[PDB]
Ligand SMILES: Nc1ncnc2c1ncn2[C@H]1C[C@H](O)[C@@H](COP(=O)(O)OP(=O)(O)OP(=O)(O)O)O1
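A single chain, nothing else alongside it, follows as structure tokens in the form deposited without the ligand.
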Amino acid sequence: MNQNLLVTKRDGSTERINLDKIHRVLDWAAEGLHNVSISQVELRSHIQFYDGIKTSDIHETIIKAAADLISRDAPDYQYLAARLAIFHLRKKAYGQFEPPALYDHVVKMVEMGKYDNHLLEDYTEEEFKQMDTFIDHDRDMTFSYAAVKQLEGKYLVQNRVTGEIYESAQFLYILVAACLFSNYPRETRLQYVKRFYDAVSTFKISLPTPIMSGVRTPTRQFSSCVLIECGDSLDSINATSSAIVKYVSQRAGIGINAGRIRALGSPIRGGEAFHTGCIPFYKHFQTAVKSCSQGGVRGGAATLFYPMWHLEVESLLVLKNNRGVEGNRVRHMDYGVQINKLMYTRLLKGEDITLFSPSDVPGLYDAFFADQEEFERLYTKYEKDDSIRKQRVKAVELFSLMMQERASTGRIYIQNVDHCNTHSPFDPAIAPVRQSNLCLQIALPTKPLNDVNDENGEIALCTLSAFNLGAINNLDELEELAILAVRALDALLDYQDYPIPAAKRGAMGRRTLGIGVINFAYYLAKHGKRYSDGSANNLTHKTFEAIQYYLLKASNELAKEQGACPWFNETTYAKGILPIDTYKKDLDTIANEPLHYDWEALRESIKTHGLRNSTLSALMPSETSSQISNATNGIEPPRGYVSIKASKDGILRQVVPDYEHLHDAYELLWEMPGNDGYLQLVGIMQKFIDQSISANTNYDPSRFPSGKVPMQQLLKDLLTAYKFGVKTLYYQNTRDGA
């Protein structure tokens, strides 16, 4: 009759229950939300309370309870859960809800070895006092549950043994800002810190996981993905392999070009035994890729590229097909088949495609990426020469084979190599694009290594970021954001460490960035457009012209200030060539939107002061980043309105943004009748994008007679992609509700 329920605290143990403290906290969290029942939450959680339960479990339970009510029809549960979680996480890090003063926090963290000591060297206590005035810890309340789960899961500084969380999102943002602009002149340094801080805490700019989890800590390893090109020599094979090992030990995604390795049967190049062909080496790269992963299979990913006409093409095309002899399969690596105009024309005219080992056709591989005229001339020339080892295949059989394997595994990608070079920032004769990265968005110059420390090699890197199309009000907010996006990334280039000499060379030489968007889908829904009808073509053209124009303007502004990238002379930009001058002509037939920007002024400003960065845009996919800002991923339409993630903490649900008002406005992935709509939008985006876009093809068997996708439809889509100048083609998804 004093039947209490004793809560136990962090070794302060016993104490009576406080159901009113709890209600206040809930009540607080609910402030401003619609359709959430605090009683409902209390009911679900109080029933699992037991006599000596620790306070931490009360919080977990009330958090879970709130999160288990998230739904399409009560979407504010995400915020109620989020806020409870944020609250708990404050107490878990700081002992109170009120974050310590920035200076104090940073000092404490430097002594504990969690933050880089240079933070205190670079900024004065007065400077930290001021940054603290920029910080707004109430922005922690804008995250959705899924976001808090990601922050807590892989962004906030923590102890991964003990489980202790040491920081709050706002210190992350403020310090990422500080580190990235730490070398700025005292005159502008803190203005920049604040501007960026704002941008990233209000989700205008998104940043890669390695960056958000690390900049501010003592590491200097921030790579997401690297591109290595293998030469036809054991030395290069060795070096390529070494480089992969170093890079997967730092969690980097690998894009390997192994197209030049000579085919099986070719002559021994004085000691180098390539009698055995590519496969054996491919296997060797796969083991290198997986050298620092879990069983010898879990973690570590890579995509390997080779020309369609390589002599072992048919054996390469089925490397991930599970039904086959173990020695003739390299299953845990995706492939990128490289095609150009002539190959497709052979398909269209029902003619043959000649296979050839690169070793035997002098100048053919080079021409393949850099000059299509020349490629044609050497190709026909070598077809006729009977001295040259070769094989014929009917183009139809080859294309179907590749499309078949693309279809079943979903991981046989395409790269249109002519598009990559005729419509690129680089001069094909000096710095051609001959491969992509893991997720087929990056397109940059690479040179083969002769030894792991070869200083004349070149490895390209992923330097990324993104604009949230859902958090900007008008496209002119992109000028400010381009500034901050480009300036922070450019700083990062100098900040971080390079494991391999050839990777520093490419970064310092061309300072290449890949900035893209996220939240595209939601953006299209607020403007009442759709993917499949062609209704968003001019909007897309208006939006990607604004993204490209401002990125170039900010990079140009930056070159004026600090100088163009050392190798700016190898870009087409240097010769006064713009993305609007080399885009694929057929786009003119699917969008009339007129350029709204002074491209001619900028063309001259570029020719005269050059660019800080040789490439600025690239549209990547993005699950994590997107989730933190509650946004639809990169440019892809959502599968459905509520997406589900698994966890140790239960089921995490996240409702698409503003489902309340836009449910009928969204066009979910399987609602699109086919791919034409979307491929048109990717082509329009490709007009302005420096590198490439990770574009997917999607088929639903329900929509076809007998549930089988015709090879006709598959090829027609492939050609639709090539006709609107799509550079690459990534995943292919099959199914009708996920």
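A residue's number is simply how far along the shown sequence it sits, counting from 1.
Asks: When the C-alpha temperature factors are averaged for each of 686-694 and 703-711, which stretch ends up with the higher value in the entry?
Replies: Looking at the recorded C-alpha B-factors, 703-711 comes out higher on average.
Asks: Higher mean Cα B-factor in the deposited model: 664-672 or 619-627?
Replies: Averaged over C-alpha atoms, the B-factors run higher in 619-627.
Asks: Per the entry's Cα B factor values, which of 397, 636, 427, 334 stands out as the maximum?
Replies: Highest C-alpha B-factor among the listed residues goes to 397.
Asks: Among 323, 542, 526, 204, which carries the highest Cα B-factor?
Replies: Result of the comparison over 323, 542, 526, 204: 323.
Asks: What third of its chain's C-alpha B-factors does residue 167 belong to: lowest, middle or highest?
Replies: Tercile = middle for this residue's CA B-factor.
Asks: Going by the entry, which third of its chain does the Cα temperature factor of residue 21 land in?
Replies: It belongs to the highest third of the chain when residues are ordered by C-alpha B-factor.
Asks: Looking at the entry's B-factor column for C-alpha atoms only, identify whether residue 68 ranks in the lowest, middle or highest third of its chain.
Replies: For residue 68, the deposited C-alpha B-factor lands in the lowest third.
Asks: Once the chain's modelled residues are ordered by C-alpha B factor and cut into thirds, is residue 346 in the lowest, middle or highest one?
Replies: Middle third, going by the recorded CA B-factors of the chain.
Asks: Is the Cα B-factor recorded for residue 422 in the lowest, middle or highest third of its chain?
Replies: Residue 422: CA B-factor falls in the lowest third of its chain.
In what follows, reference is made to the form deposited with the ligand bound, a form of this protein that is not presented.
Asks: Taking 18, 59 and 292 as the candidate spot, are all three within 4.5 angstroms of the ligand in the bound PDB entry by heavy atoms?
Replies: Spot residues vs the ligand: full contact, yes.
Asks: Which among 262-270, 554-562, 129-137, 161-169 is in contact with the ligand in the bound PDB entry, heavy atoms within 4.5 angstroms?
Replies: Heavy-atom contact with the partner occurs in 262-270.
Asks: Hey, in the bound PDB entry, does residue 274 get a heavy atom within 4.5 angstroms of the ligand?
Replies: Looking in the bound PDB entry, residue contacts with the ligand include residue 274, since a heavy atom lies within 4.5 Å.
Asks: With the partner left out here, check for me: in the bound PDB entry, does some heavy atom of residue 283 sit within 4.5 Å of the ligand?
Replies: Taking the distances in the bound PDB entry, the answer for residue 283 is no, it never comes within 4.5 Å of the ligand.
Asks: Just to confirm, residue 475 within 4.5 Å of the ligand in the bound PDB entry by heavy atoms?
Replies: No, no contact at 4.5 Å.
Asks: Give a yes/no on whether residue 324 approaches the ligand to within 4.5 Å in the bound PDB entry, heavy atoms considered.
Replies: Contact check for residue 324: no, nothing within 4.5 Å of the ligand in the bound PDB entry.
Asks: Of these, 249, 391, 202, 404, which has a heavy atom no more than 4.5 Å from the ligand in the bound PDB entry?
Replies: None of the others qualify; the residue that does is 249.
Asks: Quick one: from 570, 232, 371, 490, grab the residue that has a heavy atom within 4.5 Å of the ligand in the bound PDB entry.
Replies: By the 4.5 Å heavy-atom cutoff, the listed residue in contact is 232.
Asks: Going through 22-61 from first to last, which residues have a non-hydrogen atom within 4.5 Å of the ligand in the bound PDB entry?
Replies: Read in sequence order, the residues that approach the ligand (within 4.5 Å, in the bound PDB entry) are 22, 25, 55, 58, 59.
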